[PDB]
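Residue-level listing of the chains:
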6 protein chains.
Amino acid sequence: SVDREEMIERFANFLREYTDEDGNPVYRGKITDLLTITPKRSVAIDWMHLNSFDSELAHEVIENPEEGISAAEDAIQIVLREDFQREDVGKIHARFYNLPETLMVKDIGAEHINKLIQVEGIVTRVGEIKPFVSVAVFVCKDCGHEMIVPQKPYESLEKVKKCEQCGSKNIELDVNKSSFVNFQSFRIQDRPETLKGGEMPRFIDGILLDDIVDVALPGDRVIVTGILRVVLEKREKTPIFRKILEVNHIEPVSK
Amino acid sequence: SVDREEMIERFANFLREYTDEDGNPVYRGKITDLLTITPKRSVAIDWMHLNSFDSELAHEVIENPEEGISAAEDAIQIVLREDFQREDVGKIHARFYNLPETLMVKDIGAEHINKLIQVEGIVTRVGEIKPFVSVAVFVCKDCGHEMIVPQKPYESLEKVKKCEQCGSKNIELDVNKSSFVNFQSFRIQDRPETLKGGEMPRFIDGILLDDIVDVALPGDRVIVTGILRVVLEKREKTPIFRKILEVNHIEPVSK
Amino acid sequence: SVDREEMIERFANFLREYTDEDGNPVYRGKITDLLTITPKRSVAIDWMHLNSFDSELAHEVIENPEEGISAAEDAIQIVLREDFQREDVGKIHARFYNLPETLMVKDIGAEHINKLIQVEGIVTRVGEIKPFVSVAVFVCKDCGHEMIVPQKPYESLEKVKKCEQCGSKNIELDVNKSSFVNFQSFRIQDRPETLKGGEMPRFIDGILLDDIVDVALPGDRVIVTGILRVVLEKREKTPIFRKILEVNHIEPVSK
Amino acid sequence: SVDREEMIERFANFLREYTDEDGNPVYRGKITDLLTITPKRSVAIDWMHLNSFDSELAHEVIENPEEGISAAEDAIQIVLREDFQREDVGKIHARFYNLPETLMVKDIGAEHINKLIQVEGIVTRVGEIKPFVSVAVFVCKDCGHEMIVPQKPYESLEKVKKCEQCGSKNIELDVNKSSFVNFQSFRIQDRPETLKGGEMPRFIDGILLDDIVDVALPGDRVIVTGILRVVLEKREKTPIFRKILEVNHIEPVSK
Amino acid sequence: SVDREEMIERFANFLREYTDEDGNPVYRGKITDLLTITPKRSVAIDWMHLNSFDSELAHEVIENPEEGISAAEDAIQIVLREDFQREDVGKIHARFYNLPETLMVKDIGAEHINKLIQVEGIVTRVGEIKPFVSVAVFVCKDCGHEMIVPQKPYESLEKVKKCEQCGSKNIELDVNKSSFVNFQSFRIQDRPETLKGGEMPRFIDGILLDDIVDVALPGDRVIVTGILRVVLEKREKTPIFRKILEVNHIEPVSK
Amino acid sequence: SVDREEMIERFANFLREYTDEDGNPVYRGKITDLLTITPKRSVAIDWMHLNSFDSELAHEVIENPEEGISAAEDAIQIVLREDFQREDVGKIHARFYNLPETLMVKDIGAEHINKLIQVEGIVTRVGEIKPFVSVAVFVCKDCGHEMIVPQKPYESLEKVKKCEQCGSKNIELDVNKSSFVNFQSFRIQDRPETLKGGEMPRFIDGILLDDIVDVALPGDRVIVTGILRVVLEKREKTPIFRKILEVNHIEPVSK
DNA sequence: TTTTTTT
DNA sequence: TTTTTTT
Ligand SMILES: [Zn+2]
Ligand SMILES: [Zn+2]
Ligand SMILES: [Zn+2]
Ligand SMILES: [Zn+2]
Ligand SMILES: [Zn+2]
Ligand SMILES: [Zn+2]
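Going by the header, the method for this PDB entry is X-ray crystallography, and the resolution given is 3.203 Å.

Attention now goes to the overall build of chain A. What chain A contains, in helices and strands, is five helices and eleven strands. Projected onto its principal axes, the C-alpha positions of chain A cover 60 × 55 × 40 Å. Residue pairs at least 24 apart in sequence account for 66% of intrachain contacts in chain A once pairs closer than 6 positions are excluded.

To continue, consider the arrangement of the chains. There is no contact between chain B and chain D; across them, the least C-alpha separation is 16 Å. The least C-alpha distance between chain C and chain F, which are not in contact, is 26 Å.

On to the protein's contact with DNA strand H, then. In the region of DNA strand H, 17 residues are neighbours, and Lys130(A), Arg187(A), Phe203(A), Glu128(B) and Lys130(B) sit closest. The contact atoms of DNA strand H, taken as those within 4 Å of the protein, divide so that sugar and phosphate hold 51%. Here a sugar or linking oxygen of DNA strand H and a side-chain polar atom of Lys130(B) are 2.8 Å apart. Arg187(F) has a polar side-chain atom sitting 3.5 Å from a base oxygen of DNA strand H. Of the residues in the surface near DNA strand H, the class split is two nonpolar, no polar and 15 charged.

Near DNA strand G, the surroundings consist of 18 residues, among which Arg187(C), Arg125(D), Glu128(D), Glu128(E) and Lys130(E) are the closest. Within 4 Å of the protein, the atoms of DNA strand G are drawn from sugar and phosphate moieties in a proportion of 53%. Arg125(C) places a polar side-chain atom, nitrogen or oxygen, 3.3 Å from a base oxygen of DNA strand G. For DNA strand G, a base nitrogen lies 2.9 Å from a polar atom in the side chain of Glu128(E).

On to the interface of chain B and chain A, then. Taken together, the contact pairs 26 residues of chain B with 22 residues of chain A. Summing both sides of the interface, chain B and chain A together bury roughly 1,900 Å²; the carbon and sulfur share of this comes to 58%. The largest share of the area that chain B buries against chain A comes from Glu128(B), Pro131(B) and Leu157(B), three residues that together contribute 27% of it. Where chain B packs against chain A, one counts two salt bridges. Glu128(B) is the salt-bridge partner of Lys243(A), the closest N and O atoms lying 2.6 Å from each other.

Rules and cut-offs
- Residues numbered from 1 in each chain as written, not as in the entry; some residues may be left out.
- Chains lettered and ligands numbered in written order.
- Heavy atoms only, no water.
- Residues with missing side-chain atoms left out of burial classes, pairs and counts.
- Helix = DSSP H or I, 4+ residues; strand = E, 2+ residues; numbered from the N terminus.
- Contact = heavy atoms within 4.5 Å.
- Near = heavy atom within 4 Å.
- Polar contact = N/O pair within 3.5 Å; in protein donor to acceptor, adjacent residues only side chain to side chain.
- Nonpolar A, V, L, I, M, F, W, Y, C, P; charged D, E, K, R; others polar.
- Buried area = accessible area lost by both parts, 1.4 Å probe.
- Salt bridge = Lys/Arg side-chain N within 4 Å of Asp/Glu carboxyl O.

What follows is the structure, encoded as structure tokens:
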């Protein structure tokens, strides 16, 4: 149990202060690859590195990824604004990998709802790379008032049917003022071998955003990390849910 | 005919006071395997054991398993709070097995609605392990009022279209604030060797929850105990229903 | 034209007083098979036996089977209460068979609406045995008032949107307090043999309740009796209706 | 232009007074075949007979068949009530045949809307014989008021949402109090052999009621008479209509 | 740019005053063929005859056919009322033919929207002759008020959901009170002659009314004149249209 | 970042002032092919030409094609009004081509939203050439007020439910007063020959207007330039969008 | 034109 | 569980 404020700081300290077995501040060397000719938009954090330095925090990103990842991103944000005088940089993703507990798609249960889980499996499908509105800026066509609504890649589009200012039910989505990011859906299912004779390989759908889009093709063995999310089955008539994996970090493996 | 209040107490006694042919308070030994390293969340109760000690009660769990099981669980809850000083432990399932009457899928009818029955048979289907919302929490996006509605794994999702506080018809389900449990659907049919001549084997769909989830695969001979539950089919304006078996306990058998 | 009150009595007398060609009070020997080890829940009345004793009543079960059947059941109810002192016995079905007019599925018309008819044919389909709510006991969740509404196996479910006592539009169906019976749909059509060359058969769908459920399988030649019923052609937006045969008695025949 | 009152009388006179080339009052001989063992429910009037006796009326059943037919039916009702002392007989249909103008399906046009037309053709389909509510008797479940609303076999069911007496919006259809008649749909089209090259065979759907139900099977050459009716195309989005032929009389012909 | 009033007169004059190369007032000779034993309901106007007499008006029927045709019909209405004392005659169609610009189906575009065009082509389809409601009459079933709404054969049906008098949302279309005319759809495409051997022949759908109904079959080489009309595509969401050719005159040609 | 005002001028200058390696004011020779017997309605601008002359502008048409294309068209407008005394000519399209970055259908992403991109691909489909309302003039039928609303070919039809003047909810589109243009949809996908044949090729739909309509058939290898546009997926219960390519120039290529 | 009474 | 961007 650690609140955001301190996490950011602890994360900041982790990044600049962590050193491996050679004195490599590797995370300084990764906050550096953020500012080159071909810049990256995310920082790959090895969980074991975070654990050894501060396991008390490493057991928060797992038990509370929405705050943990978010906080760590504010941390990268700071160690740039301070240690490199860069504020111009867009948003950078905190992508944790190499977790302790490595589940199987069939094992994913309601226990893991909104917890960062790690999953091994094989990709069976990959969708088209489609634009996702990460921030929908609505505009009023009566007074011209602007309304900001952040969206979530697994939740449905959250509109607004009434103006905040003049109360006019004449609101439209302004594509230009809005923020868009690449998005790609994909499915992975436990490899047939790991299972047992009479078992039906079980699959899970997942989401990829920004830089981790188009990183895998059907038939790749992968080890994804990510937040287990839940939603209603299409119809939305019963109290049973759909499991979606909001991927936080994906990494191939040749078995 | 026995109300809850007494059943709780009678169950309490049964648990701590029952002894087999060797003076084993077996249920004290099972209330024990609730507190260990690898804790279980349910007490397997042999019906014959209940019957021999208190057959008037044993004939209530069968005629009224909603009250019956529920009472027994409050019993286990008490014999922990008193005899072990533990109140931290979550909820523990009272799972009855080895009933006297053992039906065959085909003989399951309207007489058994909401009575605990016992069925032997062979699993033909098992669904994905889905999160079920045991207790749903709706949130208003106008006044932020909270409304709690418990759901039932066989009944359809019970929503609320209007705010209890401000009466705003702008309510949404909050996934975090809600409670979830593992859920799995499965089908079983009569063993063919027990049916006669030109009979075609009948089936029945069922539900597993929490600990009993993913305990059986397609092709297993099982003996399930359960509550026979009914609900209206693909419409909602016809007085015909659908038999669903809310399994209370499942146990394998190699014939 | 005979009212219920007198029918009950005339039926009572019929059962106890009727003798065949050997002085067999056959119906006394049948009301007897109701109280045995393996009890039956219906009394199979030959229409010819009723006609010969009282044809003025036998022409009432045909022209008014709702009253006719109902009255004859109160008669079996009384001849048990008086002649055998039994009042514990549940409800017994008066099922008439062997009528004079034996129709063919294609001949069934508007004329027969709500008259007891007799049909020969072949069974083409049989549905699953689902529970039918014969008596919906609605409960208010504001004042706890109880409302009883009998249902009809062909008609749509008749709910109630407002409380009879407090007028609260918060009513629900109570499964337990309600009475359920086994139900099974089935379809019979004309034998394409006695149906002109390269023509086509028009079938009928039928209903079975309680004891007569699961008595036939697809391919059986049967001779059913029953009430011809009618209901709005699926989507209730046209003046045309659908013929349903609420079966009152079914009997096989090997041709 | 002749009003109902007079039409009924002239029709009455026609029936009893008409004598062919042998002094046969044939229509007396057909009002006769109404009262026998195997009674018919319609009088088959040859238009040519009507025309020669009264051609000014025969040019009314064609230009205004809803009045014409109805009037002639009251006339048959009267020439039974006076000349045979029968009033018990139900309703009898005045079915006209053998008109001057014999149309081809493809020729039936807007001109003929609501005129009695004659059409030769080939039956391509016949529907099931369903019950039609010719008179929907609505019953109020608050005051028990009764409301009669006649229905038309091509128009949609006309209900009534409010009580005529107490104004309670709790009205239902009473199956028993209502009048039902046999109904059967069927389609006929010009036959491909009779067409002039590029043209592709056009069909028309029709309605049969009561006695004329189930008179034809698919593949019969027929010469129907009837009232050309119009309705919206299923969707009801465009000002273009569907041609339905309310049959008034049908007669086979072996070519 | 000429307003209606003047056109009517200019047309009136044209009809009675025009003479060819032999002094034939041909149009008088055609307004004549209107009154005969076998009357026609349309006057075929050659555009070249209209052009030579008054080319400033001829260039109005093309640029504004809706006014042009309509004015010319009022003209024919007048030169009957005055010059022949006939007012009983119904409505006569002003059908122009032989225009200067003669398009090819593939050349028909947005330019031509609502301009009278001329198209040569080959008929590939013809629909059934259905009744169109040229003038629809709505009647209120609460106060009985009547509302007239003229329809257009290409646009969708224009209803009215609220009463003009009492404002009751209980309005229906009265078939009888309404006016219907014959209607027939048809398709033509470019005749696969003049059209480079590697083009996919483009086509267009058209509408015929009254007297010009059923004038061509599939496989006819025709020269149509017509108003190019558009309507919102499929969903009526999108700002896209559909080209329909409301024919104003059709004429065969044997190549 | 350059505002419209200046771009117009800079573009004006570019057109009249640019000279190749031969002193050819090529664009003067092209603004010339605008006035001739067979006039074109678009100026085809090589990006490279714009780039060498003014590379700070050429990196605006790409980064801001709405403003950029628009601007250049006002420039073409001016260099006609001044240098040729023509103001009668309609609207001329500025169509850039031969861009530096030439994407592949699968590569097109969120980054390119509203930027002019270049795409090589193979045409797989082409739609019918339907009229598009580029400017919808709405007319009120109560006061006669006119309201201009420009449309976009990919966005849905923007109507107006209320009159600007008298507030009458009785508004209709006036087809005449509106401006229309030919429209044609078409799909292109990467060629799977130049893409590991173990992948499923991905496509993109596009829009063609005016003069670029009907320039390609299915199977053509093309190099389109255009604006990448986004709209929601059919249903619209997702913050996930659909990519459409509003073509700004299309050119064939024989590989 | 509408395509089985219910699937 | 969902089944492709879509007629
Ligand atoms: Zn506003
Ligand atoms: Zn609220
Ligand atoms: Zn109440
Ligand atoms: Zn009433
Ligand atoms: Zn009214
Ligand atoms: Zn207005």
